[PDB]
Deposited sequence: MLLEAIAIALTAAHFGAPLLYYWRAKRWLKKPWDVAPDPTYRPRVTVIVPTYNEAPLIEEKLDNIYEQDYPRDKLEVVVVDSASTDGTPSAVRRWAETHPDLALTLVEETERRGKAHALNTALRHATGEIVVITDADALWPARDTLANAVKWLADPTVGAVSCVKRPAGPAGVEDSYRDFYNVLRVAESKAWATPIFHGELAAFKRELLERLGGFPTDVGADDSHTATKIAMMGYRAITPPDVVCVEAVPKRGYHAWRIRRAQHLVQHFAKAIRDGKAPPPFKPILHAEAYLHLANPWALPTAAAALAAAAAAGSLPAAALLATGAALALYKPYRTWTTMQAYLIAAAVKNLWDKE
């Protein structure tokens, strides 16, 4: 019967870690911000949207940036296109000469060579003090969304700002709790704003990692600046109708490469290192304890024991209610991402 002992030891550890961390986070949550948004701060802001073959979306995405209340003499846009099959380079022609008051630069590259490459080339054509990366399929819900992000960037100790997303609450609690504590290691491509002096100290975006936003936010946090997601900077998540599981596995893959690379580098500030280590644990270690318990159980169930068999009937019964199946399937995505990571590089 020792397989039941190991099975629910692993299940106790796996489900206990995230709720000990959440409890710790909630503690941090009622502590007030040691930084303040400044509404009269007006830096020059460059919005960079990297695009490869999204001629449908680009029209209204530029429309969404255009309709922001942030003052246009301090706003410019760089649509960076990596040699696209579609007619996007001058889909941005179209729009760009139809909205002339909005300073825009379409820079196009020799070659398609990935997201970070496009961002780096766009970076040295950017003139703003704040660089905001955003995905072409992401739309900002309010006309003051960009201004809300920028107001959080005023304090000299804040190097990076991202949004909280809407369509779990557990996730958003982690985000703004870690942000209050010091920094959060996960940013969102819907709105990722960095101080350009810091980007060019880094310098530019590294090609090694998929989660460019969260890797750059994390490296700004290791350097001693704040990387934060304030609750009033809210984006809505862009979920594609088809290929959903593949997409979620792909973003998990970016997350596990990011955290695997980030824990490798040592000099983390005292407030940040528990944050870094806890979310690196949750992303690289805990997922594994789940399906190992499941296999321990199945083997035991097959070889006679019925308690385990019930343990797994209970597990299926807990799949009916939605917080359990959100959690389980994200652990599944994380395991898929780990194996896909190991075998993608060969």
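Residues of the deposited sequence missing from the coordinate set occupy a single block of positions, 168-177.
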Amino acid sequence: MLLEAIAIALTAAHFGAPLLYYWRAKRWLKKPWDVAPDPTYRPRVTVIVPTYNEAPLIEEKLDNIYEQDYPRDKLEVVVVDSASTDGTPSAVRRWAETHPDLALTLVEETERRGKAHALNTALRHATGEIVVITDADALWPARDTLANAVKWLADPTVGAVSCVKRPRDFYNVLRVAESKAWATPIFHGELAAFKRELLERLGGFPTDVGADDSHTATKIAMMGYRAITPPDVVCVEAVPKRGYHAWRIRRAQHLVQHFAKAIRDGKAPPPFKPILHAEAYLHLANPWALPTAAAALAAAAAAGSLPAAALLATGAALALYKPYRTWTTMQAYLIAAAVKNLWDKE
From here on, numbers count along this sequence of modelled residues.
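The stretch 232-240 shows the higher mean C-alpha B-factor when 232-240 is compared against 152-160 in the entry. The mean C-alpha temperature factor is higher for 89-97 when 201-209 and 89-97 are set side by side.
By the numbers in the PDB entry, the CA B factor is greatest at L102 among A181, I130, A262, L102. As recorded in the entry, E59 carries the highest CA temperature factor of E67, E59, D34, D38.
Sorting the modelled residues of the chain by their CA temperature factor places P271 in the middle third. Ranked within its chain, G304 lands in the highest third, by CA B factor from the PDB record. For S84, the recorded CA temperature factor ranks within the highest third of the chain's modelled residues. Placement of the Cα temperature factor of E111 within the chain: highest third of the modelled residues, per the deposited record. Among the modelled residues of the chain, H258 sits in the lowest third by CA temperature factor in this PDB entry.
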